[PDB]
file entry33.tsv (TSV, C-alpha atoms and all ligand atoms)
chain	number	residue	atom	x	y	z
A	2259	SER	CA	-107.40	162.66	109.91
A	2260	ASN	CA	-104.30	161.31	108.15
A	2261	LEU	CA	-106.22	158.66	106.20
A	2262	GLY	CA	-109.20	161.00	105.92
A	2263	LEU	CA	-106.97	163.69	104.42
A	2264	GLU	CA	-105.32	161.21	102.03
A	2265	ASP	CA	-108.77	160.21	100.77
A	2266	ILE	CA	-109.69	163.86	100.15
A	2267	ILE	CA	-106.39	164.44	98.33
A	2268	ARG	CA	-106.65	161.25	96.26
A	2269	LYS	CA	-110.21	162.12	95.19
A	2270	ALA	CA	-109.17	165.69	94.38
A	2271	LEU	CA	-106.33	164.33	92.21
A	2272	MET	CA	-108.89	162.43	90.10
B	202	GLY	CA	-78.12	188.48	85.70
B	203	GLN	CA	-79.09	188.58	82.03
B	204	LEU	CA	-82.25	188.37	79.93
B	205	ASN	CA	-81.72	185.18	77.94
B	206	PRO	CA	-83.84	182.11	77.04
B	207	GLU	CA	-83.17	180.57	80.47
B	208	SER	CA	-84.32	183.62	82.46
B	209	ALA	CA	-87.29	184.15	80.14
B	210	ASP	CA	-88.39	180.57	80.83
B	211	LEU	CA	-88.18	181.27	84.57
B	212	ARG	CA	-90.38	184.35	84.13
B	213	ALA	CA	-92.84	182.32	82.05
B	214	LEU	CA	-92.97	179.70	84.81
B	215	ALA	CA	-93.62	182.43	87.39
B	216	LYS	CA	-96.50	183.80	85.31
B	217	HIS	CA	-97.92	180.31	84.77
B	218	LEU	CA	-97.95	179.62	88.52
B	219	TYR	CA	-99.39	183.06	89.30
B	220	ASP	CA	-102.23	182.63	86.79
B	221	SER	CA	-103.00	179.17	88.19
B	222	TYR	CA	-102.72	180.62	91.71
B	223	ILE	CA	-105.36	183.24	90.89
B	224	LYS	CA	-107.64	180.59	89.38
B	225	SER	CA	-107.29	178.19	92.33
B	226	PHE	CA	-107.42	180.51	95.35
B	227	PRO	CA	-110.25	183.10	95.39
B	228	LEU	CA	-108.98	184.39	98.77
B	229	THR	CA	-105.82	186.21	97.73
B	230	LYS	CA	-103.50	188.13	100.02
B	231	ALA	CA	-104.47	191.42	98.37
B	232	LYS	CA	-108.14	190.90	99.27
B	233	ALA	CA	-107.26	189.99	102.86
B	234	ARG	CA	-105.06	193.04	103.47
B	235	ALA	CA	-107.70	195.35	101.97
B	236	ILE	CA	-110.14	194.18	104.65
B	237	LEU	CA	-107.56	194.38	107.44
B	238	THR	CA	-106.51	197.93	106.53
B	239	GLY	CA	-110.16	199.01	106.34
B	240	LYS	CA	-110.27	199.55	102.58
B	241	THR	CA	-113.34	197.46	101.70
B	242	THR	CA	-116.15	199.76	102.86
B	243	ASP	CA	-118.84	197.23	101.94
B	244	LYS	CA	-117.45	194.36	104.06
B	245	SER	CA	-116.54	196.06	107.32
B	246	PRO	CA	-115.84	193.22	109.78
B	247	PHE	CA	-117.14	193.36	113.34
B	248	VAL	CA	-114.44	193.42	116.02
B	249	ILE	CA	-114.70	190.77	118.75
B	250	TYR	CA	-112.34	191.86	121.53
B	251	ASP	CA	-113.95	190.58	124.75
B	252	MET	CA	-116.79	188.40	126.02
B	253	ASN	CA	-119.26	191.29	125.80
B	254	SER	CA	-118.50	192.11	122.16
B	255	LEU	CA	-118.56	188.35	121.51
B	256	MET	CA	-122.26	188.30	122.40
B	257	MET	CA	-122.86	191.50	120.41
B	258	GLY	CA	-121.69	189.71	117.27
B	259	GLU	CA	-123.76	186.56	117.71
B	260	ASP	CA	-125.55	187.15	114.40
B	261	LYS	CA	-122.34	187.39	112.35
B	262	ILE	CA	-121.23	183.95	113.63
B	263	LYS	CA	-122.96	181.31	111.50
B	264	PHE	CA	-123.32	177.75	112.78
B	273	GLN	CA	-119.27	164.61	116.59
B	274	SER	CA	-116.90	164.21	119.55
B	275	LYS	CA	-116.95	164.51	123.34
B	276	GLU	CA	-114.21	167.01	124.20
B	277	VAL	CA	-114.50	170.64	123.14
B	278	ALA	CA	-110.99	170.82	121.66
B	279	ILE	CA	-111.40	167.66	119.57
B	280	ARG	CA	-114.66	168.95	118.10
B	281	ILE	CA	-112.89	172.21	117.25
B	282	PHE	CA	-110.16	170.36	115.37
B	283	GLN	CA	-112.71	168.14	113.61
B	284	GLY	CA	-114.69	171.21	112.57
B	285	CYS	CA	-111.75	173.27	111.35
B	286	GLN	CA	-110.36	170.31	109.42
B	287	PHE	CA	-113.79	169.77	107.85
B	288	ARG	CA	-114.01	173.47	106.93
B	289	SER	CA	-110.51	173.14	105.42
B	290	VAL	CA	-111.61	170.54	102.86
B	291	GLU	CA	-112.21	173.19	100.20
B	292	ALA	CA	-108.76	174.68	100.83
B	293	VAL	CA	-107.19	171.21	100.54
B	294	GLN	CA	-108.99	170.73	97.22
B	295	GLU	CA	-107.83	174.16	96.02
B	296	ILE	CA	-104.21	173.38	96.92
B	297	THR	CA	-104.49	170.04	95.12
B	298	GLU	CA	-105.87	171.77	92.03
B	299	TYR	CA	-102.95	174.20	92.19
B	300	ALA	CA	-100.41	171.38	92.43
B	301	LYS	CA	-101.78	169.84	89.21
B	302	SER	CA	-100.70	173.01	87.37
B	303	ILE	CA	-97.10	172.71	88.62
B	304	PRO	CA	-95.19	171.35	85.59
B	305	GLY	CA	-94.06	167.79	86.23
B	306	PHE	CA	-96.18	167.20	89.34
B	307	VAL	CA	-98.86	164.96	87.81
B	308	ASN	CA	-96.13	162.88	86.14
B	309	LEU	CA	-94.77	161.79	89.54
B	310	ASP	CA	-95.92	158.56	91.17
B	311	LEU	CA	-99.43	158.97	92.54
B	312	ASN	CA	-98.32	157.91	96.02
B	313	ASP	CA	-95.61	160.58	96.05
B	314	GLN	CA	-98.15	163.18	94.89
B	315	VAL	CA	-100.40	162.22	97.82
B	316	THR	CA	-97.49	162.27	100.28
B	317	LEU	CA	-96.30	165.71	99.10
B	318	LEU	CA	-99.81	167.11	99.50
B	319	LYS	CA	-100.70	165.46	102.81
B	320	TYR	CA	-97.79	167.27	104.46
B	321	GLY	CA	-97.83	170.38	102.27
B	322	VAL	CA	-101.47	171.38	102.79
B	323	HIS	CA	-100.99	172.18	106.49
B	324	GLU	CA	-98.05	174.52	105.82
B	325	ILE	CA	-99.84	176.27	102.94
B	326	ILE	CA	-102.97	176.76	105.06
B	327	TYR	CA	-100.81	178.48	107.69
B	328	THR	CA	-99.18	180.59	104.96
B	329	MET	CA	-102.56	181.82	103.75
B	330	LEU	CA	-103.85	182.20	107.32
B	331	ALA	CA	-101.07	184.77	107.86
B	332	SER	CA	-102.71	186.93	105.18
B	333	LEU	CA	-105.78	187.11	107.44
B	334	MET	CA	-103.64	188.17	110.43
B	335	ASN	CA	-102.07	191.35	111.70
B	336	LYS	CA	-100.56	192.12	115.10
B	337	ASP	CA	-104.04	192.91	116.51
B	338	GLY	CA	-106.04	189.85	115.43
B	339	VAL	CA	-107.36	187.63	112.64
B	340	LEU	CA	-110.23	187.78	110.16
B	341	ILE	CA	-113.02	185.23	110.71
B	342	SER	CA	-116.49	184.39	109.37
B	343	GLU	CA	-115.38	184.89	105.75
B	344	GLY	CA	-114.24	188.45	106.44
B	345	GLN	CA	-117.32	189.37	108.49
B	346	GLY	CA	-115.53	189.30	111.85
B	347	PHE	CA	-112.19	190.23	113.39
B	348	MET	CA	-111.08	188.22	116.44
B	349	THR	CA	-108.39	190.04	118.41
B	350	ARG	CA	-105.09	188.40	119.28
B	351	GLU	CA	-105.17	189.26	122.99
B	352	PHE	CA	-108.73	188.00	123.46
B	353	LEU	CA	-107.68	184.61	122.07
B	354	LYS	CA	-104.61	184.59	124.34
B	355	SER	CA	-106.73	185.46	127.39
B	356	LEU	CA	-108.95	182.38	127.06
B	357	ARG	CA	-108.61	179.55	129.57
B	358	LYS	CA	-106.00	176.86	129.09
B	359	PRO	CA	-105.32	175.13	126.78
B	360	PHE	CA	-107.31	177.30	124.34
B	361	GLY	CA	-105.35	180.47	125.14
B	362	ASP	CA	-102.15	178.93	123.73
B	363	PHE	CA	-103.66	177.65	120.46
B	364	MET	CA	-103.15	180.62	118.14
B	365	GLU	CA	-100.43	182.82	119.67
B	366	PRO	CA	-97.46	181.03	117.99
B	367	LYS	CA	-99.25	181.43	114.66
B	368	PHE	CA	-99.60	185.17	115.31
B	369	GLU	CA	-95.90	185.37	116.15
B	370	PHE	CA	-95.08	183.68	112.84
B	371	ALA	CA	-97.59	185.74	110.86
B	372	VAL	CA	-96.29	189.13	112.00
B	373	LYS	CA	-92.72	188.26	111.02
B	374	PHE	CA	-93.87	186.58	107.79
B	375	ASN	CA	-96.03	189.56	106.80
B	376	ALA	CA	-93.10	191.93	107.43
B	377	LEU	CA	-91.43	190.41	104.36
B	378	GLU	CA	-94.26	192.06	102.35
B	379	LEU	CA	-94.67	189.27	99.82
B	380	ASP	CA	-97.44	189.67	97.26
B	381	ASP	CA	-99.55	187.03	95.54
B	382	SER	CA	-96.98	186.71	92.74
B	383	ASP	CA	-94.33	185.80	95.31
B	384	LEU	CA	-96.64	183.47	97.24
B	385	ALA	CA	-97.51	181.47	94.12
B	386	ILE	CA	-93.91	180.33	93.66
B	387	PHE	CA	-93.27	180.01	97.41
B	388	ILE	CA	-96.24	177.66	97.79
B	389	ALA	CA	-95.04	175.62	94.80
B	390	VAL	CA	-91.65	175.22	96.50
B	391	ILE	CA	-93.41	174.02	99.67
B	392	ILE	CA	-95.34	171.34	97.77
B	393	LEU	CA	-92.24	169.98	95.99
B	394	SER	CA	-90.36	169.26	99.25
B	395	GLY	CA	-88.18	166.22	98.67
B	396	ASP	CA	-87.67	165.56	102.39
B	397	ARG	CA	-91.19	164.39	103.25
B	398	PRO	CA	-91.26	160.99	104.99
B	399	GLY	CA	-92.43	158.09	102.85
B	400	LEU	CA	-91.44	159.53	99.46
B	401	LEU	CA	-90.40	156.89	96.93
B	402	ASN	CA	-88.66	158.84	94.13
B	403	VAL	CA	-86.94	161.84	95.69
B	404	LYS	CA	-84.87	162.82	92.63
B	405	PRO	CA	-87.69	163.84	90.21
B	406	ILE	CA	-89.22	165.89	93.03
B	407	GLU	CA	-85.93	167.70	93.71
B	408	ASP	CA	-85.50	168.31	89.97
B	409	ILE	CA	-88.80	170.19	89.95
B	410	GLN	CA	-88.14	172.08	93.19
B	411	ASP	CA	-84.69	173.17	91.97
B	412	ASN	CA	-86.38	174.76	88.95
B	413	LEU	CA	-89.01	176.35	91.20
B	414	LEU	CA	-86.25	177.66	93.48
B	415	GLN	CA	-84.50	179.27	90.51
B	416	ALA	CA	-87.79	180.90	89.51
B	417	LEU	CA	-88.30	182.06	93.10
B	418	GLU	CA	-84.78	183.48	93.35
B	419	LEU	CA	-85.25	185.54	90.18
B	420	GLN	CA	-88.76	186.65	91.21
B	421	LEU	CA	-87.51	188.04	94.53
B	422	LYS	CA	-84.64	189.92	92.88
B	423	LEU	CA	-86.97	191.59	90.37
B	424	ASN	CA	-89.78	192.30	92.84
B	425	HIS	CA	-87.95	193.12	96.10
B	426	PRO	CA	-84.89	195.36	95.63
B	427	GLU	CA	-84.99	196.25	99.35
B	428	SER	CA	-84.04	192.78	100.69
B	429	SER	CA	-80.86	191.15	99.37
B	430	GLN	CA	-81.22	188.00	101.52
B	431	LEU	CA	-85.00	187.69	101.10
B	432	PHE	CA	-84.53	184.34	99.35
B	433	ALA	CA	-82.68	182.97	102.39
B	434	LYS	CA	-85.16	184.51	104.85
B	435	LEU	CA	-88.12	183.05	102.94
B	436	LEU	CA	-86.59	179.57	103.02
B	437	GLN	CA	-86.13	180.01	106.77
B	438	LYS	CA	-89.90	180.50	107.06
B	439	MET	CA	-90.25	176.87	105.96
B	440	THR	CA	-88.73	175.87	109.29
B	441	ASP	CA	-91.23	178.05	111.14
B	442	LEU	CA	-94.12	176.52	109.19
B	443	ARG	CA	-93.01	172.95	109.98
B	444	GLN	CA	-92.53	173.85	113.65
B	445	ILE	CA	-96.11	175.14	113.89
B	446	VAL	CA	-97.39	171.89	112.36
B	447	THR	CA	-95.32	169.78	114.76
B	448	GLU	CA	-96.58	171.85	117.71
B	449	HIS	CA	-100.06	170.46	116.97
B	450	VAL	CA	-98.93	167.04	118.22
B	451	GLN	CA	-97.86	168.59	121.53
B	452	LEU	CA	-101.18	170.44	121.66
B	453	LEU	CA	-103.20	167.21	121.53
B	454	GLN	CA	-101.15	165.83	124.43
B	455	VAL	CA	-101.65	168.99	126.49
B	456	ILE	CA	-105.39	168.55	125.86
B	457	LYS	CA	-105.30	164.95	127.08
B	458	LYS	CA	-103.25	165.90	130.16
B	459	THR	CA	-105.57	168.80	131.08
B	460	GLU	CA	-107.64	168.12	134.20
B	461	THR	CA	-109.09	171.63	134.54
B	462	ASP	CA	-112.38	172.78	133.04
B	463	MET	CA	-112.16	172.87	129.23
B	464	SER	CA	-115.68	174.20	128.67
B	465	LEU	CA	-115.72	176.96	126.05
B	466	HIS	CA	-118.40	179.40	124.98
B	467	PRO	CA	-120.20	177.98	121.90
B	468	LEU	CA	-119.53	181.17	119.93
B	469	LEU	CA	-115.82	180.82	120.75
B	470	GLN	CA	-115.89	177.18	119.60
B	471	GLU	CA	-117.37	178.31	116.27
B	472	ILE	CA	-114.68	180.98	115.89
B	473	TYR	CA	-111.88	178.46	116.47
B	474	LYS	CA	-113.40	176.27	113.75
B	475	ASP	CA	-112.60	179.14	111.34
B	476	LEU	CA	-108.91	179.02	112.32
B	477	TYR	CA	-106.19	176.36	112.11
C	1	LIG	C1	-108.38	173.49	113.99
C	1	LIG	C2	-109.00	174.54	114.63
C	1	LIG	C3	-108.28	175.36	115.48
C	1	LIG	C4	-106.94	175.09	115.65
C	1	LIG	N1	-106.16	175.94	116.54
C	1	LIG	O1	-104.97	175.69	116.69
C	1	LIG	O2	-106.73	176.86	117.11
C	1	LIG	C5	-106.31	174.05	115.00
C	1	LIG	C6	-107.03	173.21	114.19
C	1	LIG	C7	-106.34	172.08	113.46
C	1	LIG	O3	-106.97	171.08	113.13
C	1	LIG	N2	-105.01	172.23	113.28
C	1	LIG	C8	-104.07	171.34	112.71
C	1	LIG	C9	-102.76	171.77	112.51
C	1	LIG	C10	-101.86	170.92	111.96
C	1	LIG	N3	-102.19	169.67	111.58
C	1	LIG	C11	-103.45	169.25	111.76
C	1	LIG	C12	-103.76	167.84	111.32
C	1	LIG	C13	-104.42	170.06	112.31
call {"tool": "encode", "arguments": {"input": "entry33.tsv", "output": "structure tokens"}}
result
Amino acid sequence: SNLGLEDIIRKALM
Amino acid sequence: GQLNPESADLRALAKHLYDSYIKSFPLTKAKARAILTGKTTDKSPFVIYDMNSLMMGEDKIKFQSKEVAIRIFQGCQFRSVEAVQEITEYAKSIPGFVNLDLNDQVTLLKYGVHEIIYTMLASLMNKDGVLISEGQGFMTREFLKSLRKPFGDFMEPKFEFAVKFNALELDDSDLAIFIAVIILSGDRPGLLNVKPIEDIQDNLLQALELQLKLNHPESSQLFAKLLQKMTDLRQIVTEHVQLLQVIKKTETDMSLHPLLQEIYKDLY
């Protein structure tokens, strides 16, 4: 999912 | 071309990306091709070429939504989480990336991950099929194409891309810079500050240009050809939107063998 992928990416950037 | 401080910096950048590439991605192209060409005698994958051999390899295939195709996409996207995290870890090592606005970092990655996944999927592909089940299986290209609509059309354009992409004979050193160029694409929709992204990509492009000259004397326009593969990668991603509509407009039986559904979850 677009927002599901963004969440994964944002968390991985932490 | 000369060896001067500028070119030495471009070689140091190429080594930095390659070292970070090795640290981030345990599934390198070299490992994939060794399995495909039958080098790794310990991990000899089982060939699935028809429905009969599909049942013969039931042990090597290791196990919500309503429709079969939607559950396949949900599964393969869930199994791609680790790859997304690996790509994000790689982007952190690209000099200047973490200094960009956080929203632009997210935007660059949310479009870039799909193209990079297809780039690395090509390493698992030859003209005959694709590695599955973490190298334990080999699903043939024609068996996938023979499956009932719309499933039979899922992977064939990726095979067509992979065969032409693999004919360039890039190695992991080339792919490290090529993937970095993909991530730093200043034309993604929604980007706020395009200039600092382009500044980084221009430096990555210079490093890529030099890398291909030193590593591939046999192809004078390899730099151009490799940038053309960007257009093929984006086309494959855009074809996924058409695929979802074909699935919604399909009135025929879309029931698929459960072992086939699990195999498609290992693809993209
Ligand atoms: C998952 C599993 C199989 C396939 N397939 O084409 O056979 C595709 C997918 C998948 O989720 N693909 C995909 C491509 C591009 N963009 C997205 C969001 C998803």
call {"tool": "residues_near_ligand", "arguments": {"input": "entry33.tsv", "ligand": "ligand LIG 1 (chain C)", "cutoff": "7 Å", "atoms": "only C-alpha atoms and all ligand atoms", "output": "PyMOL selection string"}}
result
(chain A and resi 2259) or (chain B and resi 281-286+323+363-364+446+449+473-477)
call {"tool": "closest_residue", "arguments": {"input": "entry33.tsv", "among": "B:290, B:231, B:423, B:209", "to": "residue 2263 (chain A)", "atoms": "all atoms listed in the file"}}
result
B:290
call {"tool": "interface_residues", "arguments": {"input": "entry33.tsv", "of": "chain A", "to": "chain B", "cutoff": "7 Å", "atoms": "all atoms listed in the file", "output": "number ranges by chain"}}
result
A: 2263-2264, 2267-2268, 2270-2271
call {"tool": "atom_distance", "arguments": {"input": "entry33.tsv", "atom1": "CA of residue 334 (chain B)", "atom2": "CA of residue 235 (chain B)"}}
result
11.8 Å
call {"tool": "atom_distance", "arguments": {"input": "entry33.tsv", "atom1": "CA of residue 250 (chain B)", "atom2": "CA of residue 460 (chain B)"}}
result
27.3 Å
call {"tool": "atom_distance", "arguments": {"input": "entry33.tsv", "atom1": "CA of residue 470 (chain B)", "atom2": "CA of residue 245 (chain B)"}}
result
22.5 Å
call {"tool": "closest_residue", "arguments": {"input": "entry33.tsv", "among": "B:236, B:417, B:409, B:468", "to": "residue 257 (chain B)", "atoms": "only C-alpha atoms"}}
result
B:468
call {"tool": "axis_aligned_box", "arguments": {"input": "entry33.tsv", "around": "region 234-237 of chain B", "padding_each_side": "4 Å", "output": "lines of an AutoDock Vina configuration file"}}
result
center_x = -107.6
center_y = 194.2
center_z = 104.7
size_x = 13.1
size_y = 10.3
size_z = 13.5
